[PDB]
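Observations on chain architecture
As a plain string of letters, each chain reads:
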Protein chains: 2
Amino acid sequence: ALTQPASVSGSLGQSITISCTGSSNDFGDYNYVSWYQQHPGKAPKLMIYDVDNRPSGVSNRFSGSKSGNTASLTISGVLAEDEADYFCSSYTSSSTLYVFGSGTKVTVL
Amino acid sequence: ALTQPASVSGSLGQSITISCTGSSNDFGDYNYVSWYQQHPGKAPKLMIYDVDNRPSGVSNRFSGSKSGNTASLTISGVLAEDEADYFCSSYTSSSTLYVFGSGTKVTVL
């Protein structure tokens with residue numbers, strides 16, 4: 001179970017951090033965490049993969065880090081279109097399949 | 001991109017089929033398409049992986065199949081709790097970016 005905070009709020013131009021906590025040490029040793037941005041209803045878009053790598057066309061405003069048991073997505077210079085659901089995800093044991101975190105609702109004020 | 005029908009509706013006890021078509025041949029003959037069930041503002045659950053495999057604890061009402069460049073999730077004996085968003089997903093052909101389909105809103109009447 002990857003646990004995130006239910007919700008976090010931030011004002012335009014401020015910096016918000018979404019934490020992703022896990023029980024086991026498999027992901028916490030090997031850095032296999034990914035971050036998806038989901039606008040309400042639409043497809044989850046990949047923002048970060050392997051802890052801290054951005055696919056081509058993603059704002060450098062989004063950046064990922066990690067510190068043992070918890071990974072973190074930081075969004076700096078928050079815009080209106082950052083209002084969305086955010087999910088962390090690592091691999092299921094001995095597979096390449098993604099299992100998803102509880103998810104964080106981000107409201108932009 | 002994996003393109004799905006925007007929405008599908010079915011009555012209780014009926015069968016529902018959701019299609020997942022990909023642009024050209026960018027998804028390695030669609031043998032590694034998975035299917036995720038998502039309740040609103042909730043973590044997407046794995047229902048099917050590798051076209052037709054069912055994880056332990058997933059009802060046998062959910063089954064997957066594939067023909068050419070289209071993968072299909074079928075939900076038998078539709079229950080209330082099948083009312084959800086459904087995304088097909090697969091690695092891009094480069095096997096780094098795990099990309100989600102446009103998504104299908106299943107309404108149960």
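What counts as what
Residues numbered from 1 in each chain as written, not as in the entry; some residues may be left out. Chains lettered and ligands numbered in written order. Heavy atoms only, no water. Helix = DSSP H or I, 4+ residues; strand = E, 2+ residues; numbered from the N terminus. Rg over C-alpha atoms; globule rule 2.2 N^0.38 Å. Buried < 20%, exposed > 50% of the residue type's maximum accessible area, 1.4 Å probe, protein only. Areas by Shrake-Rupley, 256 points an atom, 1.4 Å probe, with all protein chains shown as cover. Least-squares fit on C-alpha atoms. Contact = heavy atoms within 4.5 Å. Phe/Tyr/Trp six-rings, centres within 6.5 Å; stacked < 30°, edge-to-face > 60°. Buried area = accessible area lost by both parts, 1.4 Å probe. Polar contact = N/O pair within 3.5 Å; in protein donor to acceptor, adjacent residues only side chain to side chain. Disulfide = S-S within 2.5 Å. Core = buried A, V, L, I, M, F, W, Y, C linked by side-chain atoms within 4.5 Å.

In its metadata, the entry names X-ray crystallography as the structure determination method and reports 2.5000 Å as the resolution.

Looking up chain A in the PDB entry gives the name Pat-1, with the organism given as Homo sapiens.

Now for the overall build of chain A. Looking only at helices and strands, one finds one helix and nine strands in chain A. Each helix (α) and strand (β) of chain A, taken in turn from the N terminus, gives the series β-β-α-β-β-β-β-β-β-β. What you see for chain A is a C-alpha radius of gyration of 13 Å, in line with the 13 Å of a compact globule of 109 residues. Expressed along its principal axes, the backbone C-alpha trace of chain A runs to roughly 40 × 25 × 25 Å. By residue count, 45% of the 109 residues in chain A fall in the buried class. Of the roughly 5300 Å² of accessible surface on chain A, 46% is carried by carbon and sulfur atoms.

Here the two chain copies are tied together by a rotation about an axis and a shift along that axis. Overlaying chain A on chain B yields an RMSD of 1.2 Å, the required transformation being a rotation through 179° with an accompanying axial translation of 0.1 Å. Read as a symmetry element, the transformation amounts to a two-fold axis. Identified as the residue of chain A closest to the rotation axis by C-alpha distance is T96(A), at 3.3 Å. Both copies share a contact surface, since 94% of the interface residues of chain A are interface residues in chain B too.

Attention now goes to the packing of aromatic side chains. Applying the stated criterion to the full structure yields 16 aromatic pairs over all chains. Taking the centre distance of 5.6 Å and the plane angle of 90° together, the rings of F100(A) and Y36(B) count as edge-to-face. Of this pair, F100(A) sits in strand β8 (residues 98–100) while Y36(B) sits in strand β4 (residues 34–38), placing the two residues on different chains. Judged on exposure class, the residue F100(A) and its partner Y36(B) are both buried. Pairwise contacts between aromatic rings join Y32(A), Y36(A), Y91(A), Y98(A), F100(A), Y36(B), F87(B), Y91(B), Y98(B) and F100(B) into one cluster.

This part takes up the interface of chain A and chain B. Listed as interface residues are 18 residues of chain A and, on the opposing side, 18 residues of chain B. Area buried by chain A at its contact with chain B is led by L97(A), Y98(A) and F100(A), which between them contribute 37% of it. On the surface where chain A and chain B come into contact, there are five residue pairs in polar contact. Secondary-structure elements contributing two or more residues to the side of chain A that touches chain B are β3 (34–38), β7 (84–91) and β8 of chain A. Sorting elements by how many residues they give to the side of chain A that touches chain B places β7(A) first, with three residues.

Any covalent bond linking the sulfur atoms of two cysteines counts as a disulfide. Residue and element names in this part refer to chain A. A full pass over the atoms with the stated rule returns two disulfides over all chains. The partner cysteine of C20 in its disulfide is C88, sulfur to sulfur 2.0 Å. Measuring the twist about the S-S bond at about 75°, one finds the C20-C88 disulfide to be right-handed. Taken as a pair, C20 in strand β2 (residues 16–21) and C88 in strand β7 lie far apart in primary sequence, 68 residues in all. On the basis of relative accessibility, which here comes to 0%, the residue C20 falls in the buried class.

Ranked by internal contacts, the top residues of the largest apolar core, which has 22 residues, are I18(B), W35(B), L73(B), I75(B) and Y86(B). Taken together, the elements giving at least two residues each to this core come down to β3 (16–22), β5 (45–48), β7 (70–75), β8 (84–91) and β10 (104–108) of chain B. Residues contacting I18(B), with those up to four places away along its chain left out, are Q4(B), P5(B), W35(B), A71(B), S72(B), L73(B), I75(B), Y86(B), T104(B) and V106(B). Membership of the second largest hydrophobic core comes to 21 residues, among which are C20(A), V58(A), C88(A) and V108(A).

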